[PDB]
Every structure is written in C-alpha cells, then in structure tokens.
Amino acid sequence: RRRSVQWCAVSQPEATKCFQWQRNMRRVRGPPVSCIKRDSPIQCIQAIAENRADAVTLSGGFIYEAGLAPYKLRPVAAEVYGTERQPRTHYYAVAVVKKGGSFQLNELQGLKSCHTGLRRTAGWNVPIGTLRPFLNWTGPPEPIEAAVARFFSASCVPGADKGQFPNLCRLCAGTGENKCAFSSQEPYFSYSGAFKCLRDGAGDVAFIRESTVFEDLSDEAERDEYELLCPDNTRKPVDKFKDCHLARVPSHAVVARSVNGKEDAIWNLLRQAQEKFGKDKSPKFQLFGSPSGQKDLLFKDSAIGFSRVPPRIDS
C-alpha cells in the first residue's frame, strides 16, 4: 500500500527522465516518485483528474483550462527562474530575429514564424494577442489559427491541427505523425525548438523566452548574430530584453487535484528533489537538466527550483 506521488510524463523521453528521477530519489532516501506515461498534456490532465496520476507541470497556457470542470486541477507549485542571488517566478516573452533584417514587429506579414507550441504563453498567446490588430480576424466562430495561418506564409506551431491548418505545421521538423506534435518528439518543440527553428533558417522570427539564446549558444559571439523585435517597432540586442519584450509572464506550474490532491506530499517531493538535484547540486542527476537532443523534460531546463503556491481551501 505504498502510494507515492505519481508523475505524468508526456512522451517517452519525459518517461525516461521520470524513471531516472525515481531511482535517484530512492538512492538518496527522499520521498518516492512513480511514473505514468501519457501522450499529451490533456491526456495527463485527465489521468490526474481520474486518479491515475497526481501531478504534472503545465505551461501558463493550459493552467486555466485545467482548472475548469470537469478537470478542476489547481497549481500547487510554480517553477522558479533566474539565479540564486536573484530568483523569479516570472519570465519574459520576446521575439527573436536574425540581425541584418529590416522588418519590425509591425512588418511580420508574409513571413515565416517559429512558435514553442499552441496555447503556450511566449510562443503563442502573447505574440498572437499582440499581432491581433494586423490579423484582421473576424472573431469566432472562426478559429484564430485560421487567421494566423493566413498572416504568415509558413510556420511551426507544435500541437496545431495539421489537417485544418497545414500552414501552421509546414516548418515543423518532426518525422511522420510526430511532425508538429506538441511533444519532445518534435525538434522545434518548446523555447529551444522554436529558437532552433530560427537558427536552422526555417523561420524568420522565434517567439520564445529571454534566456534561450543565453542557454543555447556555446559561443557568446554567436549571440551577436541575433536581435529582438521590440514593441515600439525597434530592434535591440539580445540582452536588452528588459527594455524589449512583448510581456512579463508568470512561470510554468505544477498542478494537482483540487480534491484529494496530495499537495502536501507533492510539495515535499519537490522540496527534496530540488535540494538534492537542483542546479549544481549533484553530478549524478539534474532535475532541471535534459539530455543532449531533448529539452525541458518534465521541468524547464535550468530552472532553479519551486515556490509553493499559497494555501487554498476554498477551491
């Protein structure tokens, strides 16, 4: 009757990490963590709601959905970014382009775009929300995806309906059924996939977060080959994100059942994993690190930890 916290992995790579997370947790004598493999965030959201798993980290994009019936999941902990000396539970949504180009934010029409994924914050909600006016979209019933698949010549918005909006998956590098998948099986998936999409030359603009270029480039010189599109219709060097970003957004978060959620145990698991497996904590396992050729598995790579979401009873 050992009922540990059961984590929901989306895709094989994530599964694998969870399992590694598990043996190391056992190794160091911390609370145990078990692993359930799902295929999509939604598949996870469901499992959790039906007691087949207890937790999963979601992008600020899905948090709202997950909280509605019949799901009713509620965030228990938020990811923490920044550095130890300065930590934050927010990040910046920016648009990165190659330096050398003329176009400004208001001149994206007809260009090729790279997004982290459908419904995520920096990769979709913010940019699209901002480009709204230029989209000439005649509200619902017509899907915003429709309006966007006609504003950019081609894109890669992992998770998008390939059959309806084939334009939105045109640039995606996934093989077969994984092309445009909202999973690590799709190489242009997530911040780094989106940025890779720009670096590989598939798109002209990448909607990602402020640290990507910093996290991704082995040579600091190479950062110079890129720049940011600011909202005043100017371009600034990559480190100017504090003065050139589309929005400041809250961090990704761990969600759980509003009822019988095991919040206390989840929290305990996290607090311990972070102490043992956080940044530069162990040569054996990094909770916030992903293998070569995968990224942001389970948690945001290079995040620094978690912050407990205040107490709730009314929910």
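Position 1 is the first residue in the sequence shown; the rest follow in order.
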Quick note on 65 to 73 and 47 to 55: per-entry mean CA temperature factor is higher in 65 to 73
Of 88 to 96 and 230 to 238, the stretch with the higher mean C-alpha B-factor in the deposited entry is 230 to 238
One of 188, 182, 207, 137 has the largest Cα B-factor in the entry, namely 137
Reading the B-factor column for Cα atoms of 127, 110, 133, 193, the highest value belongs to 133
Residue 203: CA temperature factor from the record, placed by chain third, in the lowest
On the chain's distribution of Cα B-factors, residue 29 falls within the third called highest
The third of the chain into which the C-alpha temperature factor of residue 161 falls is the highest
On the chain's distribution of Cα B-factors, residue 42 falls within the third called highest
Split the chain's modelled residues into thirds by Cα B-factor; residue 150 lands in the highest
